[PDB]
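Notes for the one structure printed next.
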4 protein chains.
Amino acid sequence: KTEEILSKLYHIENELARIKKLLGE
Amino acid sequence: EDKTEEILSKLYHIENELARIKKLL
Amino acid sequence: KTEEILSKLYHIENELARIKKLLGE
Amino acid sequence: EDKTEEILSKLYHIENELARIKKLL
């Protein structure tokens, strides 16, 4: 459920925050 | 609509950060 | 809802399929 | 649990394709 779903989405958004640093921004 | 809509919006957010990546590359 | 949520997730997965081609794979 | 679980699994899928990107870079 919902809470768990959201929580994935934060962890997706942490992965993407590292990704965009590794790239030029 | 709640946690549902926050889930929506954060998906869009993710789609937007991905389309920005894709265009950068 | 659910269906709409999923559908975002396919469109995330199309963005990522283009991304991984643009990169070395 | 249904569409719920498919949503789960495809999140994980996405997290996994992102962690593979992150490690590539």
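Every chain is numbered from 1, with letters handed out A, B, ... down the list of sequences. No hydrogens, no waters, no symmetry mates; every other heavy atom, side chains included, goes into these values.
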Determine all donor-acceptor pairs shorter than 3.5 Å in which one atom belongs to a side chain in residues 4-13 of chain A; sequence neighbours excluded.
from	atom 1	to	atom 2	distance (Å)
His11(A)	ND1	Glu15(A)	OE1	3.2
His11(A)	ND1	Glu15(D)	OE2	3.2

**Q.** All side chain to side chain donor-acceptor pair (under 3.5 Å) counterparts of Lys3(B), not counting sequence neighbours
**A.**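 For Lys3(B), the residues satisfying side chain to side chain donor-acceptor pair (under 3.5 Å) (neighbours in sequence not counted) are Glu3(A).
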Q | Side chain proximity check, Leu16(A) to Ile21(B), heavy atoms < 4.5 angstrom | A |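 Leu16(A) reaches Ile21(B) side chain to side chain.
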